[PDB]
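Asker: My structure is stored as start_24.txt, with compact mmCIF, N, CA and C atoms.
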```
# COMPACT_ATOMS: atom_id res chain seq x y z
N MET N 1 0.83 -1.20 0.00
CA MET N 1 0.00 0.00 0.00
C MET N 1 0.87 1.26 0.00
N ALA N 2 2.07 1.14 -0.56
CA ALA N 2 2.99 2.27 -0.63
C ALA N 2 2.39 3.43 -1.42
N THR N 3 1.37 3.12 -2.22
CA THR N 3 0.71 4.13 -3.04
C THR N 3 0.38 5.37 -2.21
N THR N 4 -0.34 5.17 -1.11
CA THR N 4 -0.72 6.27 -0.23
C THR N 4 0.47 7.19 0.04
N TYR N 5 1.65 6.61 0.13
CA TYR N 5 2.87 7.38 0.39
C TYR N 5 3.46 7.91 -0.90
N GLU N 6 3.37 7.11 -1.96
CA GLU N 6 3.90 7.50 -3.26
C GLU N 6 3.10 8.66 -3.85
N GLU N 7 1.88 8.84 -3.35
CA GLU N 7 1.01 9.91 -3.83
C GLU N 7 1.27 11.21 -3.07
N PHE N 8 1.48 11.09 -1.76
CA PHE N 8 1.74 12.25 -0.92
C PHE N 8 3.20 12.68 -1.02
N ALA N 9 4.10 11.70 -1.12
CA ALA N 9 5.52 11.98 -1.22
C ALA N 9 5.84 12.77 -2.49
N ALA N 10 4.91 12.74 -3.45
CA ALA N 10 5.09 13.45 -4.70
C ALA N 10 4.73 14.93 -4.55
N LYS N 11 3.71 15.20 -3.75
CA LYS N 11 3.27 16.58 -3.51
C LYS N 11 4.02 17.20 -2.34
N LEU N 12 4.47 16.36 -1.42
CA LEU N 12 5.20 16.83 -0.25
C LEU N 12 6.60 17.29 -0.63
N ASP N 13 7.11 16.78 -1.75
CA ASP N 13 8.43 17.15 -2.23
C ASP N 13 8.52 18.64 -2.51
N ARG N 14 7.36 19.29 -2.59
CA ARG N 14 7.30 20.72 -2.85
C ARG N 14 7.16 21.51 -1.55
N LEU N 15 7.08 20.79 -0.44
CA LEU N 15 6.95 21.42 0.87
C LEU N 15 8.21 21.20 1.71
N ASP N 16 8.72 19.98 1.69
CA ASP N 16 9.92 19.65 2.45
C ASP N 16 9.81 20.13 3.89
N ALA N 17 8.59 20.16 4.41
CA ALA N 17 8.34 20.60 5.78
C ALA N 17 8.23 19.41 6.72
N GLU N 18 7.21 18.58 6.50
CA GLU N 18 6.99 17.40 7.34
C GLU N 18 7.80 16.22 6.83
N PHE N 19 7.54 15.81 5.59
CA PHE N 19 8.24 14.68 4.99
C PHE N 19 9.75 14.85 5.13
N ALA N 20 10.21 16.10 5.15
CA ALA N 20 11.63 16.40 5.28
C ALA N 20 12.12 16.11 6.69
N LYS N 21 11.29 16.42 7.68
CA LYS N 21 11.64 16.19 9.08
C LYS N 21 11.29 14.77 9.50
N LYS N 22 10.45 14.11 8.71
CA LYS N 22 10.04 12.74 9.01
C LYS N 22 11.09 11.74 8.52
N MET N 23 11.73 12.06 7.40
CA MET N 23 12.76 11.20 6.83
C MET N 23 14.01 11.19 7.71
N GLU N 24 14.31 12.34 8.30
CA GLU N 24 15.48 12.46 9.16
C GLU N 24 15.40 11.49 10.34
N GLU N 25 14.18 11.05 10.65
CA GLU N 25 13.96 10.12 11.75
C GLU N 25 14.27 8.69 11.33
N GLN N 26 14.67 8.52 10.07
CA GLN N 26 15.00 7.20 9.55
C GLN N 26 16.01 6.49 10.44
N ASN N 27 16.94 7.26 11.00
CA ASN N 27 17.96 6.70 11.88
C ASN N 27 17.33 5.98 13.06
N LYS N 28 16.10 6.37 13.40
CA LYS N 28 15.38 5.76 14.51
C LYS N 28 14.85 4.39 14.13
N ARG N 29 14.79 4.12 12.83
CA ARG N 29 14.30 2.84 12.33
C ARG N 29 15.05 1.68 12.98
N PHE N 30 16.25 1.96 13.48
CA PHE N 30 17.07 0.95 14.13
C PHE N 30 16.65 0.76 15.58
N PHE N 31 16.73 1.83 16.36
CA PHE N 31 16.37 1.78 17.77
C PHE N 31 14.90 1.40 17.94
N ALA N 32 14.09 1.71 16.93
CA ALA N 32 12.67 1.39 16.97
C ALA N 32 12.34 0.24 16.02
N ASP N 33 13.38 -0.41 15.50
CA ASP N 33 13.20 -1.53 14.58
C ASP N 33 12.34 -2.62 15.22
N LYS N 34 12.29 -2.62 16.55
CA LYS N 34 11.51 -3.61 17.28
C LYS N 34 10.09 -3.70 16.72
N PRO N 35 9.43 -4.84 16.98
CA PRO N 35 8.06 -5.09 16.51
C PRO N 35 7.04 -4.22 17.24
N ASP N 36 6.16 -3.58 16.47
CA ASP N 36 5.13 -2.72 17.04
C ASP N 36 3.74 -3.18 16.61
N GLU N 37 3.59 -4.48 16.38
CA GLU N 37 2.31 -5.04 15.96
C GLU N 37 2.04 -4.74 14.49
N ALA N 38 2.00 -3.45 14.15
CA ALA N 38 1.75 -3.03 12.78
C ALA N 38 2.67 -3.75 11.81
N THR N 39 3.94 -3.88 12.19
CA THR N 39 4.93 -4.55 11.35
C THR N 39 4.87 -4.04 9.92
N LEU N 40 4.77 -2.72 9.77
CA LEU N 40 4.70 -2.10 8.45
C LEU N 40 5.82 -2.61 7.55
N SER N 41 5.59 -2.58 6.25
CA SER N 41 6.58 -3.04 5.28
C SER N 41 7.44 -1.88 4.79
N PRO N 42 8.56 -2.22 4.13
CA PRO N 42 9.49 -1.22 3.60
C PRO N 42 8.91 -0.44 2.42
N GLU N 43 7.62 -0.64 2.18
CA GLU N 43 6.94 0.04 1.08
C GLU N 43 7.22 1.54 1.11
N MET N 44 7.32 2.09 2.32
CA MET N 44 7.59 3.52 2.49
C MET N 44 9.09 3.78 2.54
N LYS N 45 9.86 2.76 2.91
CA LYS N 45 11.31 2.88 3.00
C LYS N 45 11.94 2.93 1.61
N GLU N 46 11.21 2.42 0.62
CA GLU N 46 11.70 2.41 -0.76
C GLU N 46 11.45 3.75 -1.44
N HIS N 47 10.34 4.38 -1.09
CA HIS N 47 9.98 5.68 -1.67
C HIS N 47 10.67 6.81 -0.92
N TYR N 48 10.61 6.76 0.40
CA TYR N 48 11.23 7.79 1.23
C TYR N 48 12.70 7.97 0.88
N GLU N 49 13.30 6.93 0.30
CA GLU N 49 14.70 6.98 -0.09
C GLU N 49 14.94 8.05 -1.14
N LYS N 50 13.86 8.48 -1.79
CA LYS N 50 13.95 9.51 -2.82
C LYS N 50 13.87 10.91 -2.21
N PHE N 51 13.32 10.99 -1.00
CA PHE N 51 13.18 12.26 -0.31
C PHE N 51 14.48 12.63 0.40
N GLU N 52 15.06 11.67 1.11
CA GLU N 52 16.31 11.89 1.83
C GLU N 52 17.36 12.52 0.92
N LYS N 53 17.48 11.99 -0.29
CA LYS N 53 18.45 12.49 -1.25
C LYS N 53 18.28 13.99 -1.46
N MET N 54 17.07 14.49 -1.20
CA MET N 54 16.78 15.90 -1.36
C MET N 54 17.16 16.68 -0.10
N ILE N 55 17.06 16.02 1.05
CA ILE N 55 17.40 16.65 2.32
C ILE N 55 18.78 17.29 2.27
N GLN N 56 19.80 16.46 2.06
CA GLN N 56 21.17 16.95 1.99
C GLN N 56 21.39 17.80 0.74
N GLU N 57 20.45 17.72 -0.20
CA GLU N 57 20.54 18.48 -1.43
C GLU N 57 20.15 19.94 -1.20
N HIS N 58 19.15 20.15 -0.35
CA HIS N 58 18.68 21.50 -0.04
C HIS N 58 17.47 21.45 0.88
N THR N 59 16.65 20.42 0.72
CA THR N 59 15.45 20.26 1.54
C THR N 59 15.75 20.50 3.01
N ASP N 60 16.95 20.11 3.44
CA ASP N 60 17.36 20.28 4.83
C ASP N 60 17.14 21.72 5.28
N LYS N 61 17.45 22.66 4.39
CA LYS N 61 17.29 24.08 4.70
C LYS N 61 15.86 24.54 4.45
N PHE N 62 15.20 23.90 3.49
CA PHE N 62 13.82 24.24 3.15
C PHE N 62 12.89 23.95 4.32
N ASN N 63 13.12 22.83 4.99
CA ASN N 63 12.30 22.44 6.13
C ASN N 63 12.30 23.53 7.20
N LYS N 64 13.32 24.39 7.16
CA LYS N 64 13.44 25.47 8.13
C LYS N 64 12.50 26.62 7.78
N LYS N 65 12.35 26.89 6.48
CA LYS N 65 11.48 27.96 6.01
C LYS N 65 10.04 27.47 5.89
N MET N 66 9.87 26.28 5.33
CA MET N 66 8.55 25.70 5.15
C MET N 66 7.99 25.19 6.48
N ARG N 67 8.82 25.24 7.52
CA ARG N 67 8.42 24.79 8.84
C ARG N 67 7.21 25.59 9.34
N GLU N 68 6.99 26.75 8.75
CA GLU N 68 5.88 27.61 9.13
C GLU N 68 4.55 26.98 8.74
N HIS N 69 4.56 26.22 7.65
CA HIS N 69 3.35 25.56 7.16
C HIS N 69 3.36 24.08 7.53
N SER N 70 4.40 23.65 8.22
CA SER N 70 4.53 22.25 8.63
C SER N 70 3.40 21.86 9.58
N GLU N 71 2.72 22.86 10.13
CA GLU N 71 1.61 22.62 11.05
C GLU N 71 0.46 21.91 10.34
N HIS N 72 0.15 22.37 9.13
CA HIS N 72 -0.93 21.78 8.35
C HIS N 72 -0.44 20.58 7.55
N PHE N 73 0.87 20.51 7.33
CA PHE N 73 1.47 19.41 6.58
C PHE N 73 1.60 18.17 7.46
N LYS N 74 2.13 18.36 8.66
CA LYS N 74 2.32 17.26 9.60
C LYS N 74 1.00 16.52 9.84
N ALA N 75 -0.11 17.21 9.60
CA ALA N 75 -1.43 16.62 9.78
C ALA N 75 -1.85 15.81 8.56
N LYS N 76 -1.36 16.23 7.39
CA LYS N 76 -1.69 15.54 6.14
C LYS N 76 -1.46 14.04 6.27
N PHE N 77 -0.47 13.66 7.08
CA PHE N 77 -0.15 12.26 7.29
C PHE N 77 -1.40 11.46 7.63
N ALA N 78 -2.34 12.09 8.33
CA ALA N 78 -3.58 11.44 8.72
C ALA N 78 -4.44 11.13 7.49
N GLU N 79 -4.44 12.05 6.53
CA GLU N 79 -5.22 11.87 5.31
C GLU N 79 -4.43 11.11 4.26
N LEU N 80 -3.11 11.11 4.41
CA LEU N 80 -2.23 10.42 3.47
C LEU N 80 -2.69 8.99 3.25
N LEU N 81 -2.98 8.29 4.34
CA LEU N 81 -3.44 6.91 4.26
C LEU N 81 -4.83 6.82 3.64
N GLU N 82 -5.58 7.91 3.75
CA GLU N 82 -6.93 7.96 3.19
C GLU N 82 -6.90 8.36 1.72
N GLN N 83 -5.82 9.03 1.31
CA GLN N 83 -5.67 9.46 -0.07
C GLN N 83 -5.97 8.32 -1.04
N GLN N 84 -5.24 7.22 -0.89
CA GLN N 84 -5.43 6.06 -1.75
C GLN N 84 -6.59 5.20 -1.26
N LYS N 85 -6.60 4.91 0.04
CA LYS N 85 -7.65 4.10 0.63
C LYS N 85 -9.03 4.58 0.19
N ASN N 86 -9.15 5.89 -0.01
CA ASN N 86 -10.42 6.47 -0.44
C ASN N 86 -10.48 6.58 -1.96
N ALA N 87 -9.33 6.82 -2.58
CA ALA N 87 -9.26 6.94 -4.03
C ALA N 87 -9.73 5.66 -4.71
N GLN N 88 -9.58 4.53 -4.02
CA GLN N 88 -9.98 3.24 -4.56
C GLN N 88 -11.17 2.68 -3.79
N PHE N 89 -12.02 3.56 -3.29
CA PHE N 89 -13.19 3.15 -2.53
C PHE N 89 -14.14 4.33 -2.29
N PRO N 90 -14.79 4.78 -3.37
CA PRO N 90 -15.73 5.91 -3.31
C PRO N 90 -17.01 5.56 -2.56
N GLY N 91 -17.18 6.15 -1.39
CA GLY N 91 -18.37 5.89 -0.59
C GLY N 91 -18.73 7.05 0.32
N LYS N 92 -17.93 7.25 1.36
CA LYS N 92 -18.17 8.33 2.31
C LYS N 92 -17.76 9.67 1.71
```
Let me see whether you can do it: turn the structure in this file into structure tokens.
Answerer:
Amino acid sequence: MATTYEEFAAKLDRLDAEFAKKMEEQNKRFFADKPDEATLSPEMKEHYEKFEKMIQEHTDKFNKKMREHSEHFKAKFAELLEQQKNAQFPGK
């Protein structure tokens, strides 16, 4: 279900606010590698790999300026999963 992420990661690349600060937490993937029930797949680890490359490229500094709108972006994560989940299930 990486789609939900592949769809948001495409539009978030223009914000580098949340996704930019979320990728930096990748290092935590180790300390938090432990099982959390969800046992999510690397579906997001394969796509997010395209964002990190932007961090050191410039996004790292962008997240500082776009951080002003990161308030509404950090929330998008909630709808991110609904983006596709809803895109392939028209009802509500």
Asker: List every residue of chain N that DSSP, applied to the backbone of this structure, places in alpha helix (DSSP H), and write the result as an MDAnalysis selection string.
Answerer: chainID N and resid 3:12 18:23 28:31 43:47 49:54 60:65 70:87
Asker: For each of N:32, N:2, N:17, N:62, take the minimum atom-to-atom distance to residue 45 (chain N), counting only N, CA and C atoms, then give the residue where this is smallest.
Answerer: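 Nearest to residue 45 (chain N): N:2.
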Asker: Which of these, N:80, N:46, N:8, N:16, has the shortest distance to residue 61 (chain N) once you count only C-alpha atoms?
Answerer: N:16
Asker: Rounded to one decimal, what separation in Å do you get between CA of residue 1 (chain N) and CA of residue 21 (chain N)?
Answerer: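 So the answer is 21.9 Å.
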Asker: Go ahead and compute the interatomic distance for CA of residue 42 (chain N) and CA of residue 15 (chain N), in Å to one decimal.
Answerer: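 These two atoms are separated by 22.9 Å.
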Asker: What does the distance from CA of residue 48 (chain N) to CA of residue 89 (chain N) come to in Å, to one decimal?
Answerer: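 Between CA of residue 48 (chain N) and CA of residue 89 (chain N) the gap is 25.1 Å.
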Asker: Pick from N:14, N:90, N:33, N:47: nearest to residue 59 (chain N), with only C-alpha atoms counted?
Answerer: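 Looking at the shortest contact to residue 59 (chain N), the residue is N:14.
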Asker: Using only C-alpha atoms, which protein or nucleic acid residues come within 9 Å of residue 3 (chain N)? Drop anything in the same chain fewer than 5 positions from it, and give the result as a PyMOL selection string.
Answerer: chain N and resi 8+43-44+81+83-84
Asker: Please return the centre and edge lengths, in Å to one decimal, of a box with edges along x, y and z that contains all listed atoms of region 1-8 of chain N, widened by 4 Å on every side, as lines of an AutoDock Vina configuration file.
Answerer:
```
center_x = 1.6
center_y = 5.7
center_z = -1.7
size_x = 12.6
size_y = 21.9
size_z = 12.2
```
